[PDB]
$ cat final-v1.cif   # mmCIF, C-alpha atoms and all ligand atoms
data_model
#
loop_
_atom_site.group_PDB
_atom_site.id
_atom_site.type_symbol
_atom_site.label_atom_id
_atom_site.label_comp_id
_atom_site.auth_asym_id
_atom_site.auth_seq_id
_atom_site.Cartn_x
_atom_site.Cartn_y
_atom_site.Cartn_z
ATOM 1 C CA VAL L 1533 -0.062 -18.010 20.334
ATOM 2 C CA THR L 1534 0.879 -15.882 17.342
ATOM 3 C CA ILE L 1535 -0.663 -15.244 13.964
ATOM 4 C CA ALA L 1536 1.965 -13.791 11.652
ATOM 5 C CA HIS L 1537 1.771 -11.648 8.570
ATOM 6 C CA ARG L 1538 5.569 -11.513 8.954
ATOM 7 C CA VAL L 1539 7.055 -15.000 8.794
ATOM 8 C CA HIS L 1540 10.349 -13.393 9.736
ATOM 9 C CA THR L 1541 9.011 -12.254 13.107
ATOM 10 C CA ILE L 1542 7.399 -15.603 13.977
ATOM 11 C CA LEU L 1543 10.845 -17.089 13.404
ATOM 12 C CA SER L 1544 11.748 -16.784 17.093
ATOM 13 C CA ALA L 1545 8.819 -19.025 18.074
ATOM 14 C CA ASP L 1546 9.243 -22.282 19.949
ATOM 15 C CA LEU L 1547 6.939 -24.220 17.611
ATOM 16 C CA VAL L 1548 5.537 -23.092 14.274
ATOM 17 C CA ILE L 1549 2.244 -24.422 12.929
ATOM 18 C CA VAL L 1550 1.566 -24.170 9.195
ATOM 19 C CA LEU L 1551 -1.970 -24.059 7.805
ATOM 20 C CA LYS L 1552 -3.121 -25.180 4.379
ATOM 21 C CA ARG L 1553 -6.705 -24.590 3.278
ATOM 22 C CA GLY L 1554 -8.141 -26.074 6.475
ATOM 23 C CA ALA L 1555 -5.594 -28.198 8.355
ATOM 24 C CA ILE L 1556 -2.186 -28.196 10.015
ATOM 25 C CA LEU L 1557 0.833 -29.239 7.955
ATOM 26 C CA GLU L 1558 3.579 -30.679 10.154
ATOM 27 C CA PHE L 1559 3.816 -28.424 13.218
ATOM 28 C CA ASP L 1560 7.478 -28.242 14.225
ATOM 29 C CA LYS L 1561 10.359 -25.982 15.260
ATOM 30 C CA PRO L 1562 11.281 -23.249 12.756
ATOM 31 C CA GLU L 1563 14.804 -24.559 12.149
ATOM 32 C CA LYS L 1564 13.700 -27.958 10.853
ATOM 33 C CA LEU L 1565 10.861 -26.441 8.829
ATOM 34 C CA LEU L 1566 13.130 -23.975 7.035
ATOM 35 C CA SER L 1567 15.834 -26.628 6.583
ATOM 36 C CA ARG L 1568 13.491 -29.198 5.037
ATOM 37 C CA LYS L 1569 12.836 -26.968 1.979
ATOM 38 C CA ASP L 1570 9.708 -29.065 1.512
ATOM 39 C CA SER L 1571 7.779 -26.880 3.943
ATOM 40 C CA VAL L 1572 5.630 -24.094 2.586
ATOM 41 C CA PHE L 1573 7.163 -22.060 5.411
ATOM 42 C CA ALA L 1574 10.459 -22.363 3.549
ATOM 43 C CA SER L 1575 8.861 -20.812 0.464
ATOM 44 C CA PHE L 1576 7.403 -18.071 2.663
ATOM 45 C CA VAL L 1577 10.613 -17.065 4.422
ATOM 46 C CA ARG L 1578 12.546 -17.303 1.144
ATOM 47 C CA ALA L 1579 10.124 -15.143 -0.852
ATOM 48 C CA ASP L 1580 9.980 -12.598 1.972
ATOM 49 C CA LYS L 1581 13.586 -12.268 3.176
ATOM 50 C CA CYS X 677 8.961 19.154 -11.689
ATOM 51 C CA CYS X 678 5.638 17.874 -10.353
ATOM 52 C CA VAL X 679 4.144 18.278 -6.844
ATOM 53 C CA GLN X 680 6.637 19.903 -4.466
ATOM 54 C CA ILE X 681 6.461 21.605 -1.060
ATOM 55 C CA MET X 682 9.437 23.650 0.137
ATOM 56 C CA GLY X 683 9.701 24.313 3.870
ATOM 57 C CA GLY X 684 6.107 23.376 4.663
ATOM 58 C CA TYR X 685 4.591 23.717 8.135
ATOM 59 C CA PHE X 686 1.343 21.776 8.532
ATOM 60 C CA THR X 687 -0.896 21.046 11.501
ATOM 61 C CA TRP X 688 -4.169 19.423 12.478
ATOM 62 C CA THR X 689 -5.382 22.059 14.933
ATOM 63 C CA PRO X 690 -4.570 25.761 14.422
ATOM 64 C CA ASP X 691 -3.794 26.018 18.155
ATOM 65 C CA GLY X 692 -1.887 22.776 18.766
ATOM 66 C CA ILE X 693 1.702 21.907 17.927
ATOM 67 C CA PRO X 694 2.696 22.214 14.250
ATOM 68 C CA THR X 695 2.794 18.453 13.621
ATOM 69 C CA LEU X 696 4.759 18.750 10.365
ATOM 70 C CA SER X 697 7.610 21.234 10.144
ATOM 71 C CA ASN X 698 10.320 22.092 7.624
ATOM 72 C CA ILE X 699 9.626 19.542 4.892
ATOM 73 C CA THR X 700 10.940 19.525 1.315
ATOM 74 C CA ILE X 701 9.269 17.065 -1.038
ATOM 75 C CA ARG X 702 9.533 16.138 -4.712
ATOM 76 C CA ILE X 703 7.472 13.754 -6.834
ATOM 77 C CA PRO X 704 8.780 13.210 -10.377
ATOM 78 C CA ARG X 705 6.564 13.011 -13.469
ATOM 79 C CA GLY X 706 5.324 9.506 -14.169
ATOM 80 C CA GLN X 707 7.457 7.633 -11.659
ATOM 81 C CA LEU X 708 7.092 5.301 -8.662
ATOM 82 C CA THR X 709 7.882 6.897 -5.302
ATOM 83 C CA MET X 710 7.319 5.574 -1.785
ATOM 84 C CA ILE X 711 7.243 7.171 1.660
ATOM 85 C CA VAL X 712 8.407 5.307 4.762
ATOM 86 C CA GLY X 713 9.043 5.924 8.429
ATOM 87 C CA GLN X 714 8.311 4.701 11.925
ATOM 88 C CA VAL X 715 4.783 4.035 13.224
ATOM 89 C CA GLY X 716 2.801 7.240 13.557
ATOM 90 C CA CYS X 717 5.875 9.149 12.398
ATOM 91 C CA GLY X 718 3.670 11.205 10.095
ATOM 92 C CA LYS X 719 3.738 9.266 6.841
ATOM 93 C CA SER X 720 0.026 9.727 6.078
ATOM 94 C CA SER X 721 -0.008 13.301 7.389
ATOM 95 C CA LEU X 722 2.379 14.641 4.752
ATOM 96 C CA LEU X 723 0.158 13.019 2.155
ATOM 97 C CA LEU X 724 -3.160 14.370 3.395
ATOM 98 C CA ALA X 725 -1.517 17.794 3.643
ATOM 99 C CA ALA X 726 -0.373 17.432 0.036
ATOM 100 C CA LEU X 727 -4.012 16.589 -0.685
ATOM 101 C CA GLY X 728 -5.434 19.729 0.927
ATOM 102 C CA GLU X 729 -6.583 18.341 4.289
ATOM 103 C CA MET X 730 -4.355 20.435 6.581
ATOM 104 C CA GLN X 731 -4.227 24.178 7.094
ATOM 105 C CA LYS X 732 -0.599 24.934 6.328
ATOM 106 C CA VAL X 733 0.877 27.056 9.090
ATOM 107 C CA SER X 734 3.406 28.011 6.421
ATOM 108 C CA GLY X 735 4.996 26.874 3.190
ATOM 109 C CA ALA X 736 3.914 26.442 -0.395
ATOM 110 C CA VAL X 737 2.306 23.545 -2.270
ATOM 111 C CA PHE X 738 2.688 23.484 -6.051
ATOM 112 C CA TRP X 739 0.798 21.194 -8.424
ATOM 113 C CA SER X 740 1.474 20.750 -12.144
ATOM 114 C CA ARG X 766 -5.206 20.569 -8.969
ATOM 115 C CA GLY X 767 -6.480 17.263 -10.284
ATOM 116 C CA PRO X 768 -8.824 14.379 -9.558
ATOM 117 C CA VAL X 769 -6.190 12.394 -7.693
ATOM 118 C CA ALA X 770 -7.097 8.762 -7.147
ATOM 119 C CA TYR X 771 -6.890 7.885 -3.468
ATOM 120 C CA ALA X 772 -7.301 5.078 -0.938
ATOM 121 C CA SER X 773 -7.567 5.990 2.737
ATOM 122 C CA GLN X 774 -5.538 4.014 5.245
ATOM 123 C CA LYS X 775 -8.583 2.226 6.554
ATOM 124 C CA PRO X 776 -10.312 0.898 3.429
ATOM 125 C CA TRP X 777 -13.722 2.407 2.824
ATOM 126 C CA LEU X 778 -16.360 1.234 0.364
ATOM 127 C CA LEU X 779 -19.790 2.496 -0.688
ATOM 128 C CA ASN X 780 -23.237 1.247 0.262
ATOM 129 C CA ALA X 781 -23.779 0.242 -3.361
ATOM 130 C CA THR X 782 -23.032 -2.432 -5.962
ATOM 131 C CA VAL X 783 -19.512 -3.854 -6.123
ATOM 132 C CA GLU X 784 -19.426 -2.945 -9.800
ATOM 133 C CA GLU X 785 -20.999 0.411 -8.963
ATOM 134 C CA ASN X 786 -18.290 1.400 -6.473
ATOM 135 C CA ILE X 787 -15.281 -0.080 -8.238
ATOM 136 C CA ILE X 788 -16.376 1.808 -11.354
ATOM 137 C CA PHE X 789 -17.204 4.917 -9.309
ATOM 138 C CA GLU X 790 -19.185 6.911 -11.871
ATOM 139 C CA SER X 791 -16.763 6.175 -14.677
ATOM 140 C CA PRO X 792 -17.637 5.087 -18.219
ATOM 141 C CA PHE X 793 -17.706 1.312 -17.843
ATOM 142 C CA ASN X 794 -15.032 -0.500 -19.838
ATOM 143 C CA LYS X 795 -15.143 -4.287 -19.755
ATOM 144 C CA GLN X 796 -11.458 -4.613 -20.642
ATOM 145 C CA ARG X 797 -10.115 -2.109 -18.109
ATOM 146 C CA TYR X 798 -12.530 -3.362 -15.451
ATOM 147 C CA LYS X 799 -11.637 -7.044 -15.743
ATOM 148 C CA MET X 800 -7.950 -6.163 -16.031
ATOM 149 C CA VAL X 801 -7.979 -4.107 -12.836
ATOM 150 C CA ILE X 802 -9.850 -6.831 -10.983
ATOM 151 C CA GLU X 803 -7.474 -9.568 -12.119
ATOM 152 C CA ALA X 804 -4.625 -7.321 -10.997
ATOM 153 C CA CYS X 805 -6.256 -6.970 -7.579
ATOM 154 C CA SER X 806 -6.977 -10.727 -7.549
ATOM 155 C CA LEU X 807 -10.664 -10.472 -6.666
ATOM 156 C CA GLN X 808 -12.232 -12.971 -9.088
ATOM 157 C CA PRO X 809 -12.261 -15.909 -6.615
ATOM 158 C CA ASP X 810 -13.600 -13.500 -4.005
ATOM 159 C CA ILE X 811 -16.279 -12.283 -6.400
ATOM 160 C CA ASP X 812 -17.317 -15.859 -7.191
ATOM 161 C CA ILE X 813 -18.280 -16.483 -3.544
ATOM 162 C CA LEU X 814 -20.549 -13.434 -3.470
ATOM 163 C CA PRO X 815 -24.250 -14.328 -3.843
ATOM 164 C CA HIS X 816 -24.886 -12.027 -6.811
ATOM 165 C CA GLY X 817 -21.290 -12.331 -7.994
ATOM 166 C CA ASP X 818 -20.215 -9.009 -9.448
ATOM 167 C CA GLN X 819 -23.475 -7.164 -8.742
ATOM 168 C CA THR X 820 -23.664 -8.176 -5.106
ATOM 169 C CA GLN X 821 -25.130 -5.346 -3.041
ATOM 170 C CA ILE X 822 -22.585 -4.729 -0.291
ATOM 171 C CA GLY X 823 -22.106 -1.833 2.101
ATOM 172 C CA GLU X 824 -23.187 -0.800 5.562
ATOM 173 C CA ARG X 825 -26.679 -1.912 4.550
ATOM 174 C CA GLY X 826 -25.686 -4.842 2.329
ATOM 175 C CA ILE X 827 -23.708 -7.921 3.265
ATOM 176 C CA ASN X 828 -20.434 -7.442 5.132
ATOM 177 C CA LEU X 829 -17.081 -9.068 4.475
ATOM 178 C CA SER X 830 -13.430 -9.363 5.531
ATOM 179 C CA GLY X 831 -10.883 -6.577 5.612
ATOM 180 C CA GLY X 832 -8.801 -8.095 2.844
ATOM 181 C CA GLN X 833 -11.644 -7.735 0.371
ATOM 182 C CA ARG X 834 -12.364 -4.201 1.576
ATOM 183 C CA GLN X 835 -8.729 -3.267 1.018
ATOM 184 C CA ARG X 836 -8.689 -4.830 -2.439
ATOM 185 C CA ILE X 837 -11.858 -2.977 -3.442
ATOM 186 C CA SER X 838 -10.405 0.278 -2.146
ATOM 187 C CA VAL X 839 -7.304 -0.290 -4.264
ATOM 188 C CA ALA X 840 -9.327 -1.240 -7.335
ATOM 189 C CA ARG X 841 -11.286 1.991 -7.039
ATOM 190 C CA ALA X 842 -8.101 4.029 -7.478
ATOM 191 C CA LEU X 843 -6.666 1.707 -10.116
ATOM 192 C CA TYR X 844 -9.731 1.949 -12.367
ATOM 193 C CA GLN X 845 -9.907 5.684 -11.622
ATOM 194 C CA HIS X 846 -7.713 6.519 -14.642
ATOM 195 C CA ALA X 847 -6.100 9.579 -13.091
ATOM 196 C CA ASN X 848 -2.696 11.064 -13.843
ATOM 197 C CA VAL X 849 -1.498 10.936 -10.223
ATOM 198 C CA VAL X 850 -2.713 7.733 -8.618
ATOM 199 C CA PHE X 851 -2.070 7.683 -4.889
ATOM 200 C CA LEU X 852 -2.197 4.888 -2.305
ATOM 201 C CA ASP X 853 -1.967 4.790 1.489
ATOM 202 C CA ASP X 854 -0.759 1.518 3.048
ATOM 203 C CA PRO X 855 -2.558 -0.827 0.627
ATOM 204 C CA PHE X 856 -0.543 -3.826 1.814
ATOM 205 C CA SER X 857 -2.118 -4.069 5.256
ATOM 206 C CA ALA X 858 -4.723 -6.844 5.183
ATOM 207 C CA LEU X 859 -2.893 -8.658 2.382
ATOM 208 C CA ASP X 860 -0.632 -11.687 2.716
ATOM 209 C CA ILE X 861 2.518 -12.304 0.678
ATOM 210 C CA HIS X 862 0.796 -13.992 -2.272
ATOM 211 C CA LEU X 863 -1.798 -11.297 -2.871
ATOM 212 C CA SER X 864 0.661 -8.524 -2.026
ATOM 213 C CA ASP X 865 3.095 -9.827 -4.628
ATOM 214 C CA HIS X 866 0.313 -10.188 -7.180
ATOM 215 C CA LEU X 867 -1.059 -6.688 -6.598
ATOM 216 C CA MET X 868 2.366 -5.033 -6.529
ATOM 217 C CA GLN X 869 3.676 -6.793 -9.630
ATOM 218 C CA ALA X 870 0.595 -6.696 -11.847
ATOM 219 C CA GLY X 871 -1.038 -3.433 -10.807
ATOM 220 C CA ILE X 872 2.067 -1.336 -10.244
ATOM 221 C CA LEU X 873 3.762 -2.578 -13.416
ATOM 222 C CA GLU X 874 0.546 -1.761 -15.276
ATOM 223 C CA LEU X 875 0.607 1.729 -13.777
ATOM 224 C CA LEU X 876 4.199 2.165 -14.929
ATOM 225 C CA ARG X 877 3.073 0.752 -18.291
ATOM 226 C CA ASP X 878 1.072 3.925 -18.731
ATOM 227 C CA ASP X 879 3.300 6.409 -20.538
ATOM 228 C CA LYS X 880 2.804 8.903 -17.701
ATOM 229 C CA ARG X 881 1.073 7.740 -14.538
ATOM 230 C CA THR X 882 2.598 8.625 -11.171
ATOM 231 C CA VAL X 883 1.518 6.447 -8.246
ATOM 232 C CA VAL X 884 2.572 7.120 -4.660
ATOM 233 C CA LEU X 885 2.068 4.257 -2.205
ATOM 234 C CA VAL X 886 3.321 4.224 1.364
ATOM 235 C CA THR X 887 4.049 0.876 2.966
ATOM 236 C CA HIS X 888 5.915 -0.737 5.821
ATOM 237 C CA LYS X 889 7.637 -3.563 3.936
ATOM 238 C CA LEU X 890 10.887 -2.174 2.587
ATOM 239 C CA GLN X 891 11.089 -5.440 0.625
ATOM 240 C CA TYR X 892 10.193 -3.566 -2.541
ATOM 241 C CA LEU X 893 12.636 -0.724 -2.228
ATOM 242 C CA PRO X 894 14.780 -1.475 -5.329
ATOM 243 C CA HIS X 895 11.551 -1.313 -7.281
ATOM 244 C CA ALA X 896 10.593 2.266 -6.386
ATOM 245 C CA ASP X 897 11.915 5.134 -8.487
ATOM 246 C CA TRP X 898 12.045 7.568 -5.559
ATOM 247 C CA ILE X 899 12.154 7.225 -1.789
ATOM 248 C CA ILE X 900 11.115 9.591 0.990
ATOM 249 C CA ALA X 901 11.963 8.622 4.565
ATOM 250 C CA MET X 902 10.718 10.555 7.569
ATOM 251 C CA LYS X 903 10.847 10.407 11.359
ATOM 252 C CA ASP X 904 8.732 12.284 13.917
ATOM 253 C CA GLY X 905 7.258 14.211 10.987
ATOM 254 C CA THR X 906 10.507 15.707 9.713
ATOM 255 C CA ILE X 907 11.884 14.169 6.529
ATOM 256 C CA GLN X 908 15.371 12.679 6.622
ATOM 257 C CA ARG X 909 16.535 11.955 3.066
ATOM 258 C CA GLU X 910 15.256 11.629 -0.483
ATOM 259 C CA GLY X 911 16.839 9.579 -3.266
ATOM 260 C CA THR X 912 16.665 5.998 -4.466
ATOM 261 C CA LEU X 913 20.104 4.414 -4.847
ATOM 262 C CA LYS X 914 22.940 6.927 -5.276
ATOM 263 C CA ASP X 915 21.556 8.693 -2.203
ATOM 264 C CA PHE X 916 20.997 5.577 -0.077
ATOM 265 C CA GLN X 917 24.795 5.214 -0.093
ATOM 266 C CA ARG X 918 25.465 8.315 2.010
ATOM 267 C CA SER X 919 25.246 6.530 5.376
ATOM 268 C CA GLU X 920 25.350 2.972 6.661
ATOM 269 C CA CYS X 921 23.186 3.567 9.746
ATOM 270 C CA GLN X 922 19.956 4.253 7.873
ATOM 271 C CA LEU X 923 20.584 1.751 5.080
ATOM 272 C CA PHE X 924 21.484 -0.890 7.678
ATOM 273 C CA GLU X 925 18.229 -0.067 9.448
ATOM 274 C CA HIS X 926 16.502 -0.680 6.113
ATOM 275 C CA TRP X 927 18.328 -3.970 5.548
ATOM 276 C CA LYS X 928 17.828 -5.077 9.149
ATOM 277 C CA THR X 929 15.190 -7.558 7.938
ATOM 278 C CA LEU X 930 17.368 -9.062 5.173
HETATM 279 N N1 LIG K 1 -7.248 12.343 11.990
HETATM 280 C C1 LIG K 1 -6.369 12.820 12.902
HETATM 281 N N2 LIG K 1 -6.747 13.722 13.828
HETATM 282 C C2 LIG K 1 -5.885 14.203 14.740
HETATM 283 N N3 LIG K 1 -4.597 13.842 14.820
HETATM 284 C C3 LIG K 1 -4.089 12.945 13.955
HETATM 285 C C4 LIG K 1 -4.963 12.373 12.927
HETATM 286 N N4 LIG K 1 -4.212 11.521 12.213
HETATM 287 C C5 LIG K 1 -2.965 11.548 12.735
HETATM 288 N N5 LIG K 1 -2.895 12.398 13.768
HETATM 289 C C6 LIG K 1 -1.686 12.666 14.568
HETATM 290 O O1 LIG K 1 -0.650 13.066 13.676
HETATM 291 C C7 LIG K 1 0.508 12.251 13.822
HETATM 292 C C8 LIG K 1 0.863 11.665 12.467
HETATM 293 O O2 LIG K 1 -0.188 10.780 12.097
HETATM 294 P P1 LIG K 1 -0.175 9.985 10.704
HETATM 295 O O3 LIG K 1 -1.586 9.613 10.338
HETATM 296 O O4 LIG K 1 0.712 10.689 9.715
HETATM 297 O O5 LIG K 1 0.572 8.653 11.183
HETATM 298 P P2 LIG K 1 1.251 7.654 10.135
HETATM 299 O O6 LIG K 1 2.717 7.551 10.458
HETATM 300 O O7 LIG K 1 0.807 8.031 8.752
HETATM 301 O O8 LIG K 1 0.484 6.315 10.554
HETATM 302 P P3 LIG K 1 1.129 4.862 10.414
HETATM 303 O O9 LIG K 1 2.399 4.963 11.218
HETATM 304 O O10 LIG K 1 0.078 3.968 11.021
HETATM 305 O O11 LIG K 1 1.315 4.706 8.929
HETATM 306 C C9 LIG K 1 0.176 11.155 14.814
HETATM 307 O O12 LIG K 1 1.020 11.281 15.958
HETATM 308 C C10 LIG K 1 -1.261 11.373 15.229
HETATM 309 O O13 LIG K 1 -1.343 11.502 16.648
HETATM 310 MG MG MG K 2 -0.804 6.955 9.184
#
$ encode --input "final-v1.cif" --output "structure tokens"
Amino acid sequence: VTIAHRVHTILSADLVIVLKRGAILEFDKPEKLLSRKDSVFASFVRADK
Amino acid sequence: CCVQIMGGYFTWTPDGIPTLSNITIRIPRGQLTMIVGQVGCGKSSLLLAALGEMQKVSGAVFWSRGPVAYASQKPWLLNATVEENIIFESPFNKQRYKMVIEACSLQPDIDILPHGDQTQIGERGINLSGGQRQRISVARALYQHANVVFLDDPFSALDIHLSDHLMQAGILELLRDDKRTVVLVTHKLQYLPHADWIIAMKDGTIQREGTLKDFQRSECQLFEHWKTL
């Protein structure tokens, strides 16, 4: 169970869980999360890459 | 023209192995230069040697000494008032103070402190999280108002939001000074085409030095840099 300061390293995970200020936001596989573009994870991986 | 060390040999113990050997370093006047390398490769050691913390087995350090602002790798605060240790015995300036803090993004973290700005923290006061310690350590050097500011892995306990904010605001403010050299080492090569000079090293020994027209000499090292897109 990983905590990531590098969203690019967590990319190889089986399931990614996103956290807002106190709750999960749509735990899912990384592919769908990055493809949705509505995920905050998309903003992360796009501002970091 | 500024700080330079030709063929330096530095060590920790005068009987052990000469940890750093055959180094040639340059830091231009009023620029932004970074140092990178592997883990434990010796990226803080060169710096502490160029700060006078290592008996040089050989070589020659040349300056201009000066009250160089600094932030150790592990952030370290004082057993005193938050204002008192971010100021650090400087003539208090409301404008510069608030500007530095906004640059370090500490206002929402100050608001949660019981006495706000004048909260008495330290090893005797109330304790807090490593992110705030790191930000205070950076603010101490930013408010320091020294010619050669100097950082050591500030982007360690910081996420992407706060790292972006600090980098952008603080470092662009530093560059906004007519002449204010700042030297920060980091692991994220993300901000390479923002640094005016680059120093890469491995196993202590330096490899290359040059920002763009020198990063075109080989594809192995530059591909290693761009491995993370
Ligand atoms: N305070 C110390 N006392 C003794 N040896 C040290 C000390 N600090 C570092 N060393 C040794 O010197 C070598 C270089 O250490 P240095 O602190 O430069 O690592 P670094 O590359 O800056 O760290 P990081 O990779 O975490 O940024 C290391 O192999 C370490 O074993
Ligand atoms: Mg180090």
$ atom_distance --input "final-v1.cif" --atom1 "atom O4 of ligand LIG 1 (chain K)" --atom2 "atom CA of residue 732 of chain X"
14.7 Å
$ interface_residues --input "final-v1.cif" --of "chain L" --to "chain X" --cutoff "12 Å" --atoms "all atoms listed in the file" --output "PyMOL selection string"
chain L and resi 1535-1541+1543+1573+1575-1581
$ residues_near_ligand --input "final-v1.cif" --ligand "ligand LIG 1 (chain K)" --cutoff "10 Å" --atoms "all atoms listed in the file" --output "MDAnalysis selection string"
chainID X and resid 687:689 694:696 711:725 729 774:775 853:854 886:888 902:905
$ closest_residue --input "final-v1.cif" --among "X:780, X:790, X:873, X:812" --to "residue 828 of chain X" --atoms "all atoms listed in the file"
X:780
$ axis_aligned_box --input "final-v1.cif" --around "segment 820-829 of chain X" --padding-each-side "4 Å" --output "JSON"
{"center_x": -21.9, "center_y": -4.9, "center_z": 0.2, "size_x": 17.6, "size_y": 16.3, "size_z": 18.7}
$ resolve_selection --input "final-v1.cif" --expression "the PyMOL selection byres (((chain L and resi 1547) around 9) and not hetatm)" --output "VMD selection string"
chain L and resid 1544 to 1546 1548 to 1549 1559 to 1562
$ resolve_selection --input "final-v1.cif" --expression "the PyMOL selection byres (((chain X and resi 909) around 12) and not hetatm)" --output "list in words"
residues 699, 700, 701, 702, 711, 712, 713, 898, 899, 900, 901, 902, 903, 906, 907, 908, 910, 911, 912, 913, 914, 915, 916, 917, 918, 919, 922 and 923 of chain X
$ atom_distance --input "final-v1.cif" --atom1 "atom CA of residue 879 of chain X" --atom2 "atom CA of residue 893 of chain X"
21.8 Å
$ atom_distance --input "final-v1.cif" --atom1 "atom CA of residue 838 of chain X" --atom2 "atom CA of residue 806 of chain X"
12.7 Å
